[PDB]
Amino acid sequence: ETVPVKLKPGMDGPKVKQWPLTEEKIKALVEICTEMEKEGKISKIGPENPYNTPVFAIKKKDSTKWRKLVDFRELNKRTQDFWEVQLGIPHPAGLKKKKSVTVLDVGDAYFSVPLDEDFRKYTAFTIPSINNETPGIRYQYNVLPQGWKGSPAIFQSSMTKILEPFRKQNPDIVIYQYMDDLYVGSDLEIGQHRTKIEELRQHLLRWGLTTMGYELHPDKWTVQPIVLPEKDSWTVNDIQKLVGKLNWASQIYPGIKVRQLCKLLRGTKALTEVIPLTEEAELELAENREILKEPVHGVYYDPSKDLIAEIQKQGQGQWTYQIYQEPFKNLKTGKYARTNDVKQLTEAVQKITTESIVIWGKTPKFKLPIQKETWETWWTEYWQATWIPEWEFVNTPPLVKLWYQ
Amino acid sequence: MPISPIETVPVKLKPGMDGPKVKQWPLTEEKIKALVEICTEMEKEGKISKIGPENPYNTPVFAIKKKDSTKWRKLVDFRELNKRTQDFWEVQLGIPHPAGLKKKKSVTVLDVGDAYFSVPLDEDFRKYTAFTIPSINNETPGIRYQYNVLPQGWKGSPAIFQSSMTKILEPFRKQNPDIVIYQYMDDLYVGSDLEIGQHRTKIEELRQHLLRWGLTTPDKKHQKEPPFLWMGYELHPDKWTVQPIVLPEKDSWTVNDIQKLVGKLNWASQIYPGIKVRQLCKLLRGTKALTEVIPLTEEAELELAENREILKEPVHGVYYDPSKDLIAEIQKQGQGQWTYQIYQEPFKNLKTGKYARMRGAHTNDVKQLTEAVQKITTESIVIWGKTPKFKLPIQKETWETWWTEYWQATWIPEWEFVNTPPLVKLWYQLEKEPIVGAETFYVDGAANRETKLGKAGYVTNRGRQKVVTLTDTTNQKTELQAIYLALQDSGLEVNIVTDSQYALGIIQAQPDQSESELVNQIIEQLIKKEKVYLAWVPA
Ligand SMILES: CC1=NC(=O)C(F)=C[C@H]1Cn1cnc(C(F)(F)C(F)F)c(Oc2cc(C(F)F)cc(C#N)c2C)c1=O
């Protein structure tokens, strides 16, 4: 029996255009879809289905084989009441406190559960054709699809039964389901932790579930503080940059002072001129460093608001990032380090989304410092995650990069 | 004549909507007579069927007979039914491009006869297509009909016809994977690499398979021969071109004449290299009426004359060879104009094209070149399913200096430098550190929002100062004026401190082109300097 799914009132199903694909990705998808159709997982559809969701082909996490990725971002936004209010999966606060967190792909579990007949039409997708030789190949889902947030929401009851003996035997292990993955955290020694993962894989293997470094280590996640340089000689220019960077942090951190340092900039002096540091300025500098190395007082995650992630290209394969709900009220800051700009940016996006899932159980909306078309053409060539976050394109403000440098 | 025995596509109305109930307006006797004759013939052919009085739906009918002709045509106004009919999926994602066609030994055109009338309509939906032929002066009940096939002008016909052809071709495609069949509207373009005799054997077998499903196609004597005139193109056995282009010679050009000329030049630009439309497009800027005469500027006259020389002799493109790479080359033509050619064997182009600089932007040639590469990459994946190898007029060192210093993630797929001037370069660079022995200008710009009057100025470490008044200005323009002042009054080496993130952001991206007269003046100054260092301080 199927769980009846309803759309949010006033909104219709997704009607998103299919992005052009290379010949090797089209052939990969045709082969995967031919096989899924034989297995009854999907069915060819008629023109009376006016819905569409984009489809892509990516390289797997564990192998060189092609895998189908459906971008259900619109269908997910349009079904939010079902997967978040009606069948919401609660997020554990202990997951980010674990020594090791292992991510296991469990998307193959959903192909067993059939999808409600009246909802299937909303899962429509099209395999495009080179030079528009033929009209695309149109299909819809007969079972819970990978990428749709309603799939873990409906499978939740079955996942609880599959995991019950493992959780009873290991009460200190935290298991969290997010979309197609299980997040498994423990405080065990790395060898005992890996042994418990291999044990959990055997439990999933009994139900047909044959399943970034190896593990994530959230207890070692330490914020990228606002860096104030340690100098022997201080020019007028260095003081100006420090005042600008402290003026920025004073709007976020309660207690930032700049009066004594700001006084040193009296006049219209040459940028290269050396200025000696006073006792009051040196004390103020050390008190600011102490505040910057601690979390932001007064900033809390509001579950009713979206998370935002901003990224800045710093040069030499270094990228900085911040996550917040209200501009510049930073919930987390970090850095990503390394082949090419687009590849590095996708890797950083996936790393930040994964941390966001561990900490808050949700993906942030990204502000990407790239041209919309460049990103739209190449992001798929390097993507390895089975989820896709929301993103928009920004023109990185001057000095925003400078303050987080 | 035949109506396909294919399974019908279930059709629905929009949620909460009933079928149309539009009153039939009384018609003249002449029109009623023509409609009765047309409808009797269609009813005999199975296309429409008489209905009882139980059906409450109605759609208006009309009859039109041209002055030159003795032929009457039936016109049904499906506007109301189309408004109430469900949405359908898009027919095609794009249109085939001739450059994406391969070199097949034989190619055949099979146009389906009476396409919509050869496909049945969902039985449960037929009732919504009800129409009435009114009696003389609407005195007595009219003659009522409903469609049994896809009606002309109804919303679902193009999608339902296409899906019916796809379903029908499915088994023939599985059992003949090496035969090419392009689907386009009511046509099938069939190609193969078999010898002339066995190709006709496959064509007859295809025509016969189609016939088994109610679709009639032209026989060997009635099928078209090359060159095929398709959608503004000419397709020949080993080359393709655009249909003849006639550039008119007029004493006075109107907005309408210029718009038609730009359309024709844009269409020719997909195979004629070097076509330009910037100056002609500039003439179309304004609120000018269609018949308003626009005098040609000297620049538009020069551009038109250069286009005429490009089109004086025919130019053709070649077909695609899937076993060879695609090469794309781009050239800068000046004033934000870019031209490109795509070939596999030099220099036999499959197609050409152009790219134009974005309007109202502070930009440079490196950015424009990156945008043109992106546009070409997208177009190539659609036509051929793969990205071309690029030959660009930019040094690897110039690109490396740009991408490693730019705040935005940027990338160009596999490319090689080609020395085809004008080459792409950055015309100035800003210093990374404050200059020693150079004067530091602390610039400031402000504008009163109430009066729109502003002041632009500076104070230096050397005691120099200046203040200038500006009328009908903004904070942004006074901040740029303040920077320009410092550039004008300083020597070859200068340090500039500003509180304008806006101005800093524009200059840090090394623009050489701008819509703004003020940004262009800042550029001329920046280029002539030896060392410029720009720093920012909070207000
Ligand atoms: C190799 C060719 N031989 C010819 O005789 C000739 F005139 C043209 C070509 C190019 N060509 C190569 N391949 C196809 C095909 F669609 F792929 C299929 F027939 F094989 C063509 O068929 C088209 C393709 C298109 C359009 F889809 F591009 C329009 C028309 C028309 N009219 C035709 C005939 C086609 O024209």
# chains A, B, ... in the order shown; residues from 1 in each chain; ligands from 1
call {"tool": "residues_around", "arguments": {"residues": "residue 100 (chain B)", "least_positions_apart": "2", "cutoff": "8 Å", "atoms": "only C-alpha atoms", "output": "count of residues only"}}
result
9
call {"tool": "residues_near_ligand", "arguments": {"ligand": "ligand 1", "cutoff": "8 Å", "atoms": "only C-alpha atoms and all ligand atoms", "output": "NGL selection string"}}
result
(:A and (132-133)) or (:B and (95-98 or 100-109 or 179-184 or 188-192 or 225-230 or 235-240 or 319))
call {"tool": "write_last_selection", "arguments": {"atoms": "C-alpha atoms", "output": "PDB file, in the first residue's frame"}}
result
ATOM      1  CA  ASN A 132      16.804  17.414 -31.664  1.00  0.00           C
ATOM      2  CA  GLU A 133      16.766  14.280 -33.867  1.00  0.00           C
TER       3      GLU A 133
ATOM      4  CA  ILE B  95      15.329  22.832 -33.742  1.00  0.00           C
ATOM      5  CA  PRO B  96      17.820  20.692 -35.704  1.00  0.00           C
ATOM      6  CA  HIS B  97      20.765  22.651 -37.115  1.00  0.00           C
ATOM      7  CA  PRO B  98      22.121  21.615 -40.547  1.00  0.00           C
ATOM      8  CA  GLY B 100      24.717  18.734 -36.860  1.00  0.00           C
ATOM      9  CA  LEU B 101      23.658  16.507 -39.827  1.00  0.00           C
ATOM     10  CA  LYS B 102      26.033  13.695 -40.866  1.00  0.00           C
ATOM     11  CA  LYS B 103      27.186  12.582 -44.338  1.00  0.00           C
ATOM     12  CA  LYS B 104      24.619   9.784 -45.033  1.00  0.00           C
ATOM     13  CA  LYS B 105      24.809   7.884 -48.371  1.00  0.00           C
ATOM     14  CA  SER B 106      21.064   8.315 -48.894  1.00  0.00           C
ATOM     15  CA  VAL B 107      18.501  10.735 -47.424  1.00  0.00           C
ATOM     16  CA  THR B 108      14.675  10.618 -47.956  1.00  0.00           C
ATOM     17  CA  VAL B 109      11.884  13.123 -47.012  1.00  0.00           C
ATOM     18  CA  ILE B 179      18.832   4.065 -39.746  1.00  0.00           C
ATOM     19  CA  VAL B 180      18.532   7.758 -38.946  1.00  0.00           C
ATOM     20  CA  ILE B 181      15.052   9.188 -38.503  1.00  0.00           C
ATOM     21  CA  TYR B 182      14.616  12.869 -37.607  1.00  0.00           C
ATOM     22  CA  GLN B 183      11.102  13.794 -36.427  1.00  0.00           C
ATOM     23  CA  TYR B 184      10.018  17.357 -37.274  1.00  0.00           C
ATOM     24  CA  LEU B 188      10.316  12.244 -41.126  1.00  0.00           C
ATOM     25  CA  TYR B 189      13.813  12.717 -42.570  1.00  0.00           C
ATOM     26  CA  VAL B 190      15.256   9.262 -43.093  1.00  0.00           C
ATOM     27  CA  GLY B 191      18.900   8.462 -43.814  1.00  0.00           C
ATOM     28  CA  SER B 192      21.204   5.472 -44.114  1.00  0.00           C
ATOM     29  CA  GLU B 225      14.857  15.272 -54.365  1.00  0.00           C
ATOM     30  CA  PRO B 226      17.817  17.441 -53.171  1.00  0.00           C
ATOM     31  CA  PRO B 227      18.345  20.349 -52.720  1.00  0.00           C
ATOM     32  CA  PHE B 228      15.872  20.456 -49.827  1.00  0.00           C
ATOM     33  CA  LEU B 229      14.584  23.953 -48.913  1.00  0.00           C
ATOM     34  CA  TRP B 230      13.918  23.553 -45.195  1.00  0.00           C
ATOM     35  CA  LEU B 235      20.410  21.246 -47.823  1.00  0.00           C
ATOM     36  CA  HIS B 236      22.591  19.787 -50.631  1.00  0.00           C
ATOM     37  CA  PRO B 237      24.208  16.264 -50.782  1.00  0.00           C
ATOM     38  CA  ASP B 238      27.585  17.392 -49.300  1.00  0.00           C
ATOM     39  CA  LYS B 239      27.016  21.008 -48.177  1.00  0.00           C
ATOM     40  CA  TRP B 240      24.394  23.295 -46.633  1.00  0.00           C
ATOM     41  CA  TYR B 319      28.292  18.162 -42.646  1.00  0.00           C
TER      42      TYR B 319
END
call {"tool": "select_by_dssp", "arguments": {"residues": "region 66-311 of chain B", "states": "strand (DSSP E)", "output": "number ranges by chain"}}
result
B: 73-76, 106-111, 131-133, 143-147, 180-184, 187-192, 228-230, 233-235, 240-242
call {"tool": "interface_residues", "arguments": {"of": "chain A", "to": "chain B", "cutoff": "6 Å", "atoms": "only C-alpha atoms", "output": "list in words"}}
result
residues 20, 22, 23, 47, 48, 50, 130, 131, 132, 133, 134, 135, 244, 268, 269, 270, 313, 341, 369, 370 and 398 of chain A
call {"tool": "select_by_dssp", "arguments": {"residues": "region 287-382 of chain B", "states": "alpha helix (DSSP H)", "output": "PyMOL selection string"}}
result
chain B and resi 298-311+365-382
call {"tool": "write_last_selection", "arguments": {"atoms": "N, CA, C and O atoms", "output": "short mmCIF file (atom, residue, chain, number, x, y, z; two decimals), in the first residue's frame"}}
result
data_model
loop_
_atom_site.label_atom_id
_atom_site.label_comp_id
_atom_site.auth_asym_id
_atom_site.auth_seq_id
_atom_site.Cartn_x
_atom_site.Cartn_y
_atom_site.Cartn_z
N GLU B 298 27.50 57.34 -40.69
CA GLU B 298 28.67 56.91 -41.46
C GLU B 298 29.12 55.49 -41.04
O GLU B 298 29.46 54.68 -41.88
N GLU B 299 29.06 55.20 -39.75
CA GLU B 299 29.42 53.91 -39.19
C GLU B 299 28.47 52.79 -39.67
O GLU B 299 28.93 51.70 -40.02
N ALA B 300 27.15 53.07 -39.73
CA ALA B 300 26.17 52.08 -40.22
C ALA B 300 26.39 51.88 -41.73
O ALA B 300 26.28 50.76 -42.21
N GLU B 301 26.71 52.96 -42.48
CA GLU B 301 26.97 52.84 -43.92
C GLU B 301 28.20 51.96 -44.17
O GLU B 301 28.20 51.16 -45.09
N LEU B 302 29.25 52.13 -43.35
CA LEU B 302 30.49 51.35 -43.48
C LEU B 302 30.21 49.87 -43.14
O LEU B 302 30.67 48.98 -43.86
N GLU B 303 29.45 49.62 -42.06
CA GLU B 303 29.07 48.28 -41.64
C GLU B 303 28.21 47.58 -42.71
O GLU B 303 28.45 46.42 -43.03
N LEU B 304 27.23 48.30 -43.29
CA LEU B 304 26.39 47.75 -44.34
C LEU B 304 27.22 47.40 -45.56
O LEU B 304 27.08 46.31 -46.10
N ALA B 305 28.13 48.31 -45.96
CA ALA B 305 29.00 48.05 -47.12
C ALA B 305 29.90 46.84 -46.89
O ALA B 305 30.13 46.09 -47.82
N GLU B 306 30.39 46.64 -45.65
CA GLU B 306 31.24 45.47 -45.36
C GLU B 306 30.42 44.16 -45.42
O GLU B 306 30.92 43.13 -45.89
N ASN B 307 29.16 44.21 -44.98
CA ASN B 307 28.28 43.05 -45.04
C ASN B 307 27.96 42.70 -46.48
O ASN B 307 27.93 41.52 -46.81
N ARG B 308 27.73 43.71 -47.33
CA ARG B 308 27.43 43.46 -48.75
C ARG B 308 28.57 42.71 -49.45
O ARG B 308 28.31 41.81 -50.24
N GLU B 309 29.84 43.08 -49.14
CA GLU B 309 31.03 42.44 -49.69
C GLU B 309 31.15 40.98 -49.21
O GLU B 309 31.50 40.08 -49.98
N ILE B 310 30.82 40.72 -47.93
CA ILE B 310 30.84 39.37 -47.39
C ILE B 310 29.81 38.47 -48.12
O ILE B 310 30.09 37.31 -48.42
N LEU B 311 28.62 39.01 -48.40
CA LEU B 311 27.56 38.24 -49.07
C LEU B 311 27.56 38.27 -50.61
O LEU B 311 26.67 37.63 -51.19
N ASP B 365 38.22 42.64 -22.75
CA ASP B 365 38.23 41.61 -23.78
C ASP B 365 38.40 40.20 -23.23
O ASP B 365 37.95 39.26 -23.86
N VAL B 366 39.07 40.03 -22.07
CA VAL B 366 39.24 38.71 -21.47
C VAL B 366 37.87 38.18 -21.03
O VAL B 366 37.54 37.03 -21.28
N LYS B 367 37.07 39.04 -20.40
CA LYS B 367 35.73 38.70 -19.94
C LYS B 367 34.84 38.38 -21.13
O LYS B 367 34.18 37.36 -21.12
N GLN B 368 34.85 39.24 -22.17
CA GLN B 368 34.06 39.03 -23.38
C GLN B 368 34.43 37.71 -24.09
O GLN B 368 33.53 36.99 -24.54
N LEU B 369 35.73 37.41 -24.18
CA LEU B 369 36.22 36.20 -24.81
C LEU B 369 35.73 34.95 -24.04
O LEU B 369 35.33 33.98 -24.66
N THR B 370 35.74 35.00 -22.70
CA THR B 370 35.27 33.94 -21.83
C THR B 370 33.76 33.70 -22.07
O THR B 370 33.32 32.55 -22.14
N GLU B 371 32.99 34.78 -22.20
CA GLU B 371 31.56 34.71 -22.47
C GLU B 371 31.30 34.08 -23.84
O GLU B 371 30.40 33.27 -23.96
N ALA B 372 32.10 34.45 -24.86
CA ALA B 372 31.94 33.87 -26.19
C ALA B 372 32.29 32.38 -26.18
O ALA B 372 31.61 31.60 -26.85
N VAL B 373 33.31 31.97 -25.42
CA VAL B 373 33.68 30.55 -25.31
C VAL B 373 32.51 29.75 -24.70
O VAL B 373 32.22 28.63 -25.09
N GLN B 374 31.87 30.33 -23.69
CA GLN B 374 30.76 29.72 -23.00
C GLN B 374 29.53 29.54 -23.91
O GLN B 374 28.90 28.49 -23.92
N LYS B 375 29.23 30.55 -24.70
CA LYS B 375 28.13 30.52 -25.64
C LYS B 375 28.37 29.42 -26.70
O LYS B 375 27.46 28.65 -27.03
N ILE B 376 29.61 29.33 -27.21
CA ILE B 376 29.99 28.34 -28.21
C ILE B 376 29.92 26.93 -27.64
O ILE B 376 29.45 26.00 -28.30
N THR B 377 30.39 26.76 -26.39
CA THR B 377 30.38 25.47 -25.72
C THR B 377 28.95 24.91 -25.62
O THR B 377 28.72 23.74 -25.92
N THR B 378 28.00 25.77 -25.22
CA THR B 378 26.60 25.40 -25.04
C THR B 378 25.96 25.00 -26.36
O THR B 378 25.37 23.93 -26.45
N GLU B 379 26.13 25.84 -27.39
CA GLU B 379 25.63 25.59 -28.73
C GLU B 379 26.20 24.27 -29.30
O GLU B 379 25.46 23.51 -29.95
N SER B 380 27.49 23.99 -29.06
CA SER B 380 28.12 22.76 -29.54
C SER B 380 27.58 21.50 -28.89
O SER B 380 27.41 20.49 -29.56
N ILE B 381 27.33 21.54 -27.56
CA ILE B 381 26.77 20.39 -26.85
C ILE B 381 25.36 20.07 -27.38
O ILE B 381 25.02 18.90 -27.54
N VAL B 382 24.58 21.10 -27.72
CA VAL B 382 23.24 20.91 -28.28
C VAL B 382 23.31 20.28 -29.71
O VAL B 382 22.61 19.32 -30.01
#
call {"tool": "closest_residue", "arguments": {"among": "A:201, A:362, A:120, A:67", "to": "residue 149 (chain A)", "atoms": "only C-alpha atoms"}}
result
A:362
call {"tool": "residues_around", "arguments": {"residues": "residue 117 (chain B)", "least_positions_apart": "3", "cutoff": "9 Å", "atoms": "only C-alpha atoms", "output": "list in words"}}
result
residues 1, 2, 3, 47, 113, 114, 120, 148, 149, 150, 151 and 152 of chain B
call {"tool": "residues_around", "arguments": {"residues": "residue 273 (chain A)", "least_positions_apart": "2", "cutoff": "7 Å", "atoms": "only C-alpha atoms", "output": "ChimeraX atom specification"}}
result
/A:235-236,270-271,275
call {"tool": "write_last_selection", "arguments": {"atoms": "C-alpha atoms", "output": "PDB file, in the first residue's frame"}}
result
ATOM      1  CA  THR A 235      52.659  51.219   8.137  1.00  0.00           C
ATOM      2  CA  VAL A 236      49.660  53.629   7.704  1.00  0.00           C
ATOM      3  CA  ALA A 270      51.830  58.551   3.393  1.00  0.00           C
ATOM      4  CA  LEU A 271      50.591  54.875   3.149  1.00  0.00           C
ATOM      5  CA  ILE A 275      53.641  54.395  12.824  1.00  0.00           C
TER       6      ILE A 275
END
call {"tool": "residues_around", "arguments": {"residues": "region 60-72 of chain B", "least_positions_apart": "2", "cutoff": "12 Å", "atoms": "only C-alpha atoms", "output": "number ranges by chain"}}
result
B: 20-39, 57-58, 74-81, 129-134, 142-146
call {"tool": "residues_around", "arguments": {"residues": "residue 95 (chain A)", "least_positions_apart": "2", "cutoff": "7 Å", "atoms": "only C-alpha atoms", "output": "ChimeraX atom specification"}}
result
/A:92-93,97-98,174,185,358
call {"tool": "residues_around", "arguments": {"residues": "residue 524 (chain B)", "least_positions_apart": "5", "cutoff": "12 Å", "atoms": "only C-alpha atoms", "output": "PyMOL selection string"}}
result
chain B and resi 427-428+484+487-488+510-514+517-519+529
